[PDB]
Colleague: 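First the structure, which I've put down as structure tokens, then a few questions once you've had a look.
Positions are given from 1, in the same order as the sequence printed here. In listed order, ligands and their atoms are each counted from 1.
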Amino acid sequence: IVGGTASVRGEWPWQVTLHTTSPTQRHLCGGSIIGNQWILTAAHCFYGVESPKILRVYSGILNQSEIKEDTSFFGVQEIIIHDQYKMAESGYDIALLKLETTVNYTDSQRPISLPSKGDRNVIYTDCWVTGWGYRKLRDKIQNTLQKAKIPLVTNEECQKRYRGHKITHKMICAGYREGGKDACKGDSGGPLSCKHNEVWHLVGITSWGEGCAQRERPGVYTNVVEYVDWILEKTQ
Ligand SMILES: Cn1cncc1-c1cnn([C@H](CC2CC2)c2ccc(-c3c(-n4cnnn4)ccc(Cl)c3F)c[n+]2[O-])c1
């Protein structure tokens, strides 16, 4: 996260850190708890992942340094990537992880609601992006989970900034015209979380952008409301 600040314990309890363990253990991507056995993340995260065997899902983590050899994690039973996914910038950047067992929800690990039916024309004004990613283009994975408030951009404006890509209704863009706050390397797969009527909704999945927090280049997120039918089909 560029231009963000440290979170505190319990602040974003649907945020998980997805680790790979091949050839060594490290944070790979963010993700969001959406059901007791379900994580929503980005399809692009699984480039070069040979199988679910090498993945570990950690919930309730504030600092990456908390994770030791006896820290409990969830195994991944299945990775479900959208059948039309080809590359992040072309869309369909969405994946479900089915966990090997059910999360018992606690103060530190909680689900986030999907965008609610009948809310498609809501204007979200309280949106946040979170993650352990770089604070600048050439940086390093951060120890403490970071947060930044970022405004949504219309798809018309976003397309004008990305005339070499097809910005579709299944994408949502977020960023300041002057730059300065954005997702960056290591944040992808995590949530764009928006609060509406004091309820948090998973509005976006952190996906791609031109650089990090550059002027007039918003971050691009998978527009989760356009995938609710797909999510419900797979989780049922
Ligand atoms: C894990 N890891 C450890 N060391 C470095 C990484 C690392 C490098 N790439 N990634 C991922 C893609 C990789 C998982 C398959 C990525 C790509 C792009 C953006 C991004 C960008 N960025 C543009 N240029 N950089 N970021 C801008 C806006 C937005 Cl919304 C974004 F989602 C964010 N992530 O995470 C992680």
Colleague: Listing request: all ring-ring contact (aromatic ring centres under 6.0 Å, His included) pairs with a residue in residues 27-50, at least two apart in sequence or in separate chains.
Modeller: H27-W132
Colleague: Looking at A183, which atoms of ligand 1 are within less than 4.0 Å of one of its heavy atoms?
Modeller: 27 (C), 28 (C), 29 (C), 30 (Cl)
Colleague: Could you tell me if the side chain of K147 sits less than 4.5 Å from the side chain of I1, heavy atoms only?
Modeller: no
Colleague: Using a heavy-atom cut-off of under 4.0 Å, does the side chain or the backbone of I141 touch ligand 1, or both, or neither?
Modeller: side chain
Colleague: Hey, what's the ring geometry for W14 with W200, parallel, tilted or perpendicular (30° and 60° as the breaks)?
Modeller: tilted
Colleague: Return the residue, atom name and 0.1 Å-rounded distance of the protein heavy atom closest to atom 8 (C) of ligand 1.
Modeller: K185 CB, 3.7 Å
Colleague: Polar contacts were defined as any N/O atom of the residue lying under 3.5 Å from an N/O atom of the ligand; does this apply to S207 and ligand 1?
Modeller: no
Colleague: Pull out every atom of ligand 1 sitting under 4.0 Å from any heavy atom of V220, numbered as shown with elements.
Modeller: 30 (Cl)
Colleague: Looking only at N/O atoms, are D187 and ligand 1 under 3.5 Å apart anywhere?
Modeller: yes
Colleague: Of the side chain and backbone of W208, name the one, both, or neither that has a heavy atom under 4.0 Å from an atom of ligand 1.
Modeller: backbone
Colleague: How does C212 reach ligand 1, by side chain, by backbone, by both or by neither, if only non-hydrogen atoms under 4.0 Å count?
Modeller: side chain
Colleague: By the ring-ring contact (aromatic ring centres under 6.0 Å, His included) test, which pairs, at least two apart or in different chains, include something from residues 205-225?
Modeller: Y162-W208, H165-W208
Colleague: When you compare the side chain of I61 with that of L145, does any pair of heavy atoms fall below 4.5 Å?
Modeller: no
Colleague: Fit a plane to each ring of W128 and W12, take the angle between them on a 0 to 90° scale, and name the class: parallel (under 30°), tilted (30 to 60°) or perpendicular (over 60°).
Modeller: tilted
Colleague: Can you sort out which atoms of ligand 1 are near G219, meaning under 4.0 Å from one of its heavy atoms?
Modeller: 30 (Cl)
Colleague: What protein heavy atom sits nearest atom 1 (C) of ligand 1, and how far away is it?
Modeller: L28 O, 3.2 Å
Colleague: Using a 4.0 Å cut-off to any heavy atom of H27, which atoms of ligand 1 qualify?
Modeller: 1 (C)
Colleague: Distance to 0.1 Å, residue and atom name: give those for the protein heavy atom nearest to atom 33 (C) of ligand 1.
Modeller: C184 O, 3.2 Å
Colleague: With heavy-atom distances below 4.5 Å as the criterion, would you say the side chains of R26 and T20 are in contact?
Modeller: yes
Colleague: Could you see which bit of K140 sits under 4.0 Å from ligand 1, with heavy atoms only: side chain, backbone, both or neither?
Modeller: neither
Colleague: Flag the pair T130 / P191 as yes when at least one side-chain heavy-atom distance between them is below 4.5 Å, and no otherwise.
Modeller: yes
Colleague: Can you find a heavy atom in the side chain of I81 that is under 4.5 Å from one in the side chain of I79?
Modeller: yes
Colleague: Looking only at protein heavy atoms, which one is nearest to atom 16 (C) of ligand 1, and what is the separation?
Modeller: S188 OG, 3.5 Å
Colleague: Provide, to 0.1 Å, the distance between atom 15 (C) of ligand 1 and the closest protein heavy atom, together with that atom's residue and name.
Modeller: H44 O, 3.5 Å
Colleague: Measure from the side-chain N and O atoms of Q159 to the backbone N and O of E156, and report whether any donor-acceptor pair falls under 3.5 Å.
Modeller: no
Colleague: What atoms in ligand 1 come closer than 4.0 Å to a heavy atom of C29?
Modeller: 14 (C)
Colleague: In the protein, which heavy atom is nearest to atom 4 (N) of ligand 1, and how far is it?
Modeller: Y134 OH, 3.8 Å
Colleague: So which protein heavy atom does atom 27 (C) of ligand 1 come closest to, and at what separation?
Modeller: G211 O, 3.2 Å
Colleague: Angle between ring planes, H196 versus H201, binned at 30° and 60°: parallel, tilted or perpendicular?
Modeller: tilted
Colleague: So for ligand 1, is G186 a polar contact partner (N or O within less than 3.5 Å, distance only)?
Modeller: yes
Colleague: Is it the case that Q146 and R135 place a side-chain donor and acceptor less than 3.5 Å from each other?
Modeller: no
Colleague: Does either side chain, that of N143 or that of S65, offer a donor lying less than 3.5 Å from an acceptor on the other one?
Modeller: yes
Colleague: Taking 4.0 Å as the limit for heavy-atom contacts, which would you say applies to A88 with ligand 1: side chain only, backbone only, both, or neither?
Modeller: neither
Colleague: Considering only heavy atoms of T206, which atoms of ligand 1 have at least one such atom less than 4.0 Å away?
Modeller: 30 (Cl), 32 (F)
